[PDB]
Structures are given as structure tokens and as C-alpha cells.
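Below: upload_2.pdb (PDB, C-alpha atoms)
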```
ATOM      1  CA  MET A   1     145.798  88.117 161.292
ATOM      2  CA  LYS A   2     146.377  86.776 157.794
ATOM      3  CA  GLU A   3     149.150  88.186 155.613
ATOM      4  CA  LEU A   4     148.835  90.117 152.351
ATOM      5  CA  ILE A   5     151.419  90.098 149.560
ATOM      6  CA  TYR A   6     151.777  92.912 147.028
ATOM      7  CA  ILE A   7     152.581  92.473 143.328
ATOM      8  CA  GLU A   8     154.339  95.166 141.307
ATOM      9  CA  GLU A   9     152.879  96.708 138.170
ATOM     10  CA  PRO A  10     153.914  95.053 134.872
ATOM     11  CA  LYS A  11     154.749  98.079 132.644
ATOM     12  CA  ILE A  12     153.875  98.326 128.934
ATOM     13  CA  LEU A  13     156.348  99.175 126.183
ATOM     14  CA  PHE A  14     156.111 102.064 123.720
ATOM     15  CA  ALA A  15     158.154 103.725 120.975
ATOM     16  CA  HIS A  16     161.894 104.374 121.348
ATOM     17  CA  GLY A  17     161.977 101.248 123.508
ATOM     18  CA  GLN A  18     160.608 103.269 126.437
ATOM     19  CA  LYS A  19     158.629 101.585 129.229
ATOM     20  CA  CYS A  20     155.965 103.423 131.217
ATOM     21  CA  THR A  21     153.115 102.144 133.399
ATOM     22  CA  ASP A  22     150.161 104.191 132.107
ATOM     23  CA  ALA A  23     148.995 103.989 128.495
ATOM     24  CA  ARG A  24     147.990 107.654 128.202
ATOM     25  CA  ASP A  25     151.212 109.164 129.537
ATOM     26  CA  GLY A  26     153.510 107.120 127.317
ATOM     27  CA  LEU A  27     151.367 107.597 124.260
ATOM     28  CA  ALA A  28     151.838 111.307 125.012
ATOM     29  CA  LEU A  29     155.576 110.880 125.726
ATOM     30  CA  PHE A  30     156.787 108.501 122.987
ATOM     31  CA  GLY A  31     153.770 107.713 120.786
ATOM     32  CA  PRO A  32     152.647 104.452 119.175
ATOM     33  CA  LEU A  33     154.910 101.599 118.069
ATOM     34  CA  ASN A  34     154.287 101.130 114.347
ATOM     35  CA  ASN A  35     154.438 103.909 111.755
ATOM     36  CA  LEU A  36     151.327 104.456 109.655
ATOM     37  CA  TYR A  37     150.839 107.437 107.322
ATOM     38  CA  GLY A  38     147.219 108.486 107.895
ATOM     39  CA  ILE A  39     143.722 107.060 108.147
ATOM     40  CA  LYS A  40     141.337 107.396 105.211
ATOM     41  CA  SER A  41     137.766 107.123 106.467
ATOM     42  CA  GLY A  42     134.390 106.179 105.068
ATOM     43  CA  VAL A  43     131.163 107.499 106.590
ATOM     44  CA  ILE A  44     127.728 105.918 106.116
ATOM     45  CA  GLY A  45     124.659 107.650 107.512
ATOM     46  CA  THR A  46     122.521 110.731 107.040
ATOM     47  CA  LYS A  47     123.597 114.310 106.331
ATOM     48  CA  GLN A  48     123.521 115.102 110.050
ATOM     49  CA  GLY A  49     125.740 112.083 110.671
ATOM     50  CA  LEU A  50     128.396 113.468 108.341
ATOM     51  CA  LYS A  51     128.039 116.876 109.991
TER      52      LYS A  51
ATOM     53  CA  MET B   1     140.181 117.270  44.408
ATOM     54  CA  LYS B   2     138.750 116.231  47.774
ATOM     55  CA  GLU B   3     138.486 118.638  50.698
ATOM     56  CA  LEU B   4     139.618 117.954  54.267
ATOM     57  CA  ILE B   5     138.536 119.650  57.492
ATOM     58  CA  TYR B   6     140.446 120.286  60.711
ATOM     59  CA  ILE B   7     139.243 119.747  64.288
ATOM     60  CA  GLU B   8     140.855 121.615  67.183
ATOM     61  CA  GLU B   9     142.237 119.981  70.308
ATOM     62  CA  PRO B  10     139.697 119.417  73.134
ATOM     63  CA  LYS B  11     141.876 120.398  76.145
ATOM     64  CA  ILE B  12     141.678 118.825  79.621
ATOM     65  CA  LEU B  13     141.302 120.326  83.094
ATOM     66  CA  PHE B  14     143.485 120.348  86.219
ATOM     67  CA  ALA B  15     143.781 121.941  89.663
ATOM     68  CA  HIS B  16     143.014 125.655  90.055
ATOM     69  CA  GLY B  17     140.712 125.553  87.030
ATOM     70  CA  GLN B  18     143.630 125.552  84.582
ATOM     71  CA  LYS B  19     143.336 123.974  81.135
ATOM     72  CA  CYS B  20     146.028 122.228  79.109
ATOM     73  CA  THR B  21     146.252 119.925  76.106
ATOM     74  CA  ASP B  22     148.707 117.522  77.780
ATOM     75  CA  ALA B  23     148.375 115.521  80.990
ATOM     76  CA  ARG B  24     152.090 115.391  81.796
ATOM     77  CA  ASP B  25     152.504 119.156  81.418
ATOM     78  CA  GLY B  26     149.353 119.968  83.377
ATOM     79  CA  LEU B  27     150.279 117.567  86.166
ATOM     80  CA  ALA B  28     153.793 118.991  86.447
ATOM     81  CA  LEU B  29     152.527 122.596  86.342
ATOM     82  CA  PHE B  30     149.295 122.524  88.364
ATOM     83  CA  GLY B  31     148.487 119.163  89.965
ATOM     84  CA  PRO B  32     145.436 116.915  90.309
ATOM     85  CA  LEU B  33     141.882 117.733  91.349
ATOM     86  CA  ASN B  34     141.416 116.097  94.748
ATOM     87  CA  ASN B  35     143.621 115.900  97.846
ATOM     88  CA  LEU B  36     144.849 112.491  98.909
ATOM     89  CA  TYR B  37     147.121 112.243 101.943
ATOM     90  CA  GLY B  38     149.276 109.220 101.122
ATOM     91  CA  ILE B  39     149.249 105.729  99.618
ATOM     92  CA  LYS B  40     149.534 102.804 102.041
ATOM     93  CA  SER B  41     150.458  99.779  99.945
ATOM     94  CA  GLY B  42     150.258  96.039 100.519
ATOM     95  CA  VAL B  43     152.878  93.941  98.745
ATOM     96  CA  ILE B  44     152.361  90.206  98.242
ATOM     97  CA  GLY B  45     155.288  88.396  96.655
ATOM     98  CA  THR B  46     158.595  86.662  97.192
ATOM     99  CA  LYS B  47     161.447  88.281  99.111
ATOM    100  CA  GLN B  48     163.355  89.423  96.018
ATOM    101  CA  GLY B  49     160.119  90.815  94.609
ATOM    102  CA  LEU B  50     159.636  92.854  97.768
ATOM    103  CA  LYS B  51     163.184  94.191  97.512
TER     104      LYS B  51
END
```
File written out as C-alpha cells:
Amino acid sequence: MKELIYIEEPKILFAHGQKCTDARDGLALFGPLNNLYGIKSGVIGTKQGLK
Amino acid sequence: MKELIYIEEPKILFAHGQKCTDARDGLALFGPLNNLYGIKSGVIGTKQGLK
């Protein structure tokens, strides 16, 4: 009869200084940390790739 | 007596297929051809230069 010890979850910090435990939920509750403005993309491939 | 000839202004093109002889006027009235979303800039310099 050996003994087990349990360790609590660490939590990861998001915008507004708000701590959640799951990445998805607190990206959908407070969003990312830094403030970009938009992502300009380049695409290299065939016509179907662009489609 | 020597004879001169006149040549008319060429005109330039802007958004919505509108023509003008000046770039400042046509940019203030109509706007540019393509659609950017925003300029993300990198600034390398001293602190006072950044300010």
C-alpha cells in the first residue's frame, strides 16, 4: 500500500491579467497577450493550392 | 517667327476608375488601387529616436 501525492495544475496567463487553466477557453475569454494588427500572407503553390 | 506646339496633360488613374491630373487631389477624393489592411513597422534606433 504505497501512497500517491497529487500536484495542482499550474495555470497559464492571458490578456487583462486573467489566469485560466485551459488555453482554448481563455483565448476565447480574454484573447492573446500582445496586440498585432493583422497578418499579411504569402502563398506558394499551384492554382488549386491558392483555391 | 518660330512656332510652338502645346501638349495636353496625360492624367493618372485612381480607385473606382476615376481619372485626375493630380495625385494629391485624386488620393484625397478617391483613394488608392489596392486594399492593404495596416502597416506593422519595425523601428531601429536610439530611445529619443523612437520617441
Up to 9 Å from chain B, what residues of chain A turn up? Count all atoms listed in the file and give them as a list in words.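 The contacting residues on chain A are residues 36, 37, 38, 39 and 40 of chain A.
Cα RMSD of chain B against chain A, computed after a least-squares overlay on all Cα atoms in order: 0.3 Å.
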Residues within 9 Å of residue 22 in chain B, please, as a PDB file with C-alpha atoms, in the coordinates of the input. Count all atoms listed in the file; anything in the same chain fewer than 3 positions from it doesn't count.
```
ATOM      1  CA  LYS B  11     141.876 120.398  76.145  1.00  0.00           C
ATOM      2  CA  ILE B  12     141.678 118.825  79.621  1.00  0.00           C
ATOM      3  CA  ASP B  25     152.504 119.156  81.418  1.00  0.00           C
ATOM      4  CA  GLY B  26     149.353 119.968  83.377  1.00  0.00           C
ATOM      5  CA  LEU B  27     150.279 117.567  86.166  1.00  0.00           C
TER       6      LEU B  27
END
```
Once you add 5 Å to each side, what are the centre and edge lengths of the axis-aligned box holding all listed atoms of range 30-42 of chain A? One decimal in Å, as AutoDock Vina command-line options, if you can.
```
--center_x 145.6 --center_y 104.8 --center_z 114.0 --size_x 32.4 --size_y 17.4 --size_z 27.9
```
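Separating CA of residue 33 in chain A from CA of residue 15 in chain A is a distance of 4.8 Å.
For the atom pair formed by CA of residue 7 in chain A and CA of residue 21 in chain A, the distance is 13.9 Å, given to one decimal.
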Computed interatomic separation between CA of residue 44 in chain A and CA of residue 41 in chain B (Å):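 Between these atoms lies a distance of 24.3 Å.
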Polymer residues at most 10 Å from residue 30 in chain A, all atoms listed in the file, same-chain spacing of 4 or more positions, as an NGL selection string: :A and (13-20 or 25-26)
Please produce a file of those selected residues containing C-alpha atoms, as a PDB file, in the coordinates of the input.
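Heads up, here's the output in selection.pdb:
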```pdb
ATOM      1  CA  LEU A  13     156.348  99.175 126.183  1.00  0.00           C
ATOM      2  CA  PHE A  14     156.111 102.064 123.720  1.00  0.00           C
ATOM      3  CA  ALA A  15     158.154 103.725 120.975  1.00  0.00           C
ATOM      4  CA  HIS A  16     161.894 104.374 121.348  1.00  0.00           C
ATOM      5  CA  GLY A  17     161.977 101.248 123.508  1.00  0.00           C
ATOM      6  CA  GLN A  18     160.608 103.269 126.437  1.00  0.00           C
ATOM      7  CA  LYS A  19     158.629 101.585 129.229  1.00  0.00           C
ATOM      8  CA  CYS A  20     155.965 103.423 131.217  1.00  0.00           C
ATOM      9  CA  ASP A  25     151.212 109.164 129.537  1.00  0.00           C
ATOM     10  CA  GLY A  26     153.510 107.120 127.317  1.00  0.00           C
TER      11      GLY A  26
END
```
Please reconstruct the missing atoms of range 19-40 of chain B (target: N, CA, C and O atoms) and return them as a tab-separated table (two decimals), keeping the file's coordinate frame.
```
chain	number	residue	atom	x	y	z
B	19	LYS	N	143.50	124.89	82.25
B	19	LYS	CA	143.34	123.97	81.14
B	19	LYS	C	144.65	123.78	80.39
B	19	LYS	O	145.46	124.70	80.27
B	20	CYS	N	144.84	122.57	79.88
B	20	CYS	CA	146.03	122.23	79.11
B	20	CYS	C	145.65	121.13	78.13
B	20	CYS	O	144.65	120.44	78.30
B	21	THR	N	146.46	120.98	77.08
B	21	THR	CA	146.25	119.92	76.11
B	21	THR	C	147.00	118.64	76.44
B	21	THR	O	146.71	117.61	75.84
B	22	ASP	N	147.93	118.69	77.39
B	22	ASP	CA	148.71	117.52	77.78
B	22	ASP	C	148.50	117.23	79.26
B	22	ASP	O	148.30	118.14	80.07
B	23	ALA	N	148.56	115.94	79.60
B	23	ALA	CA	148.38	115.52	80.99
B	23	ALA	C	149.68	115.61	81.77
B	23	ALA	O	149.67	115.99	82.95
B	24	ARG	N	150.80	115.28	81.13
B	24	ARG	CA	152.09	115.39	81.80
B	24	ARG	C	152.41	116.84	82.14
B	24	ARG	O	152.80	117.16	83.27
B	25	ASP	N	152.22	117.74	81.18
B	25	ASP	CA	152.50	119.16	81.42
B	25	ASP	C	151.58	119.73	82.48
B	25	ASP	O	152.03	120.47	83.37
B	26	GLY	N	150.29	119.42	82.42
B	26	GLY	CA	149.35	119.97	83.38
B	26	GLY	C	149.51	119.38	84.76
B	26	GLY	O	149.18	120.04	85.75
B	27	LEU	N	150.01	118.15	84.86
B	27	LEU	CA	150.28	117.57	86.17
B	27	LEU	C	151.55	118.14	86.77
B	27	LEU	O	151.63	118.35	87.98
B	28	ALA	N	152.56	118.41	85.93
B	28	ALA	CA	153.79	118.99	86.45
B	28	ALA	C	153.63	120.47	86.79
B	28	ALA	O	154.31	120.97	87.68
B	29	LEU	N	152.73	121.17	86.10
B	29	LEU	CA	152.53	122.60	86.34
B	29	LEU	C	151.55	122.86	87.48
B	29	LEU	O	151.81	123.71	88.34
B	30	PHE	N	150.41	122.16	87.50
B	30	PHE	CA	149.29	122.52	88.36
B	30	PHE	C	148.98	121.48	89.42
B	30	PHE	O	148.86	121.82	90.60
B	31	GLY	N	148.83	120.21	89.03
B	31	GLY	CA	148.49	119.16	89.96
B	31	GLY	C	147.08	118.63	89.76
B	31	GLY	O	146.30	119.15	88.95
B	32	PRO	N	146.72	117.60	90.51
B	32	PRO	CA	145.44	116.92	90.31
B	32	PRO	C	144.29	117.60	91.05
B	32	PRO	O	144.49	118.54	91.82
B	33	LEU	N	143.08	117.09	90.82
B	33	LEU	CA	141.88	117.73	91.35
B	33	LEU	C	141.79	117.59	92.86
B	33	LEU	O	141.77	118.58	93.60
B	34	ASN	N	141.71	116.35	93.35
B	34	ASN	CA	141.42	116.10	94.75
B	34	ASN	C	142.70	115.99	95.57
B	34	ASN	O	143.81	115.98	95.05
B	35	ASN	N	142.52	115.90	96.89
B	35	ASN	CA	143.62	115.90	97.85
B	35	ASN	C	143.66	114.56	98.58
B	35	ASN	O	142.94	114.37	99.56
B	36	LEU	N	144.50	113.65	98.11
B	36	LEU	CA	144.85	112.49	98.91
B	36	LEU	C	145.92	112.88	99.92
B	36	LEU	O	146.56	113.93	99.82
B	37	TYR	N	146.12	112.02	100.91
B	37	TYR	CA	147.12	112.24	101.94
B	37	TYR	C	148.34	111.36	101.79
B	37	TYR	O	149.45	111.79	102.09
B	38	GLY	N	148.16	110.13	101.31
B	38	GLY	CA	149.28	109.22	101.12
B	38	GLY	C	148.80	107.82	100.81
B	38	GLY	O	147.72	107.41	101.23
B	39	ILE	N	149.61	107.07	100.07
B	39	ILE	CA	149.25	105.73	99.62
B	39	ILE	C	149.90	104.72	100.55
B	39	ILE	O	151.13	104.65	100.65
B	40	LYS	N	149.07	103.93	101.24
B	40	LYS	CA	149.53	102.80	102.04
B	40	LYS	C	149.35	101.54	101.21
B	40	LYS	O	148.22	101.19	100.86
```
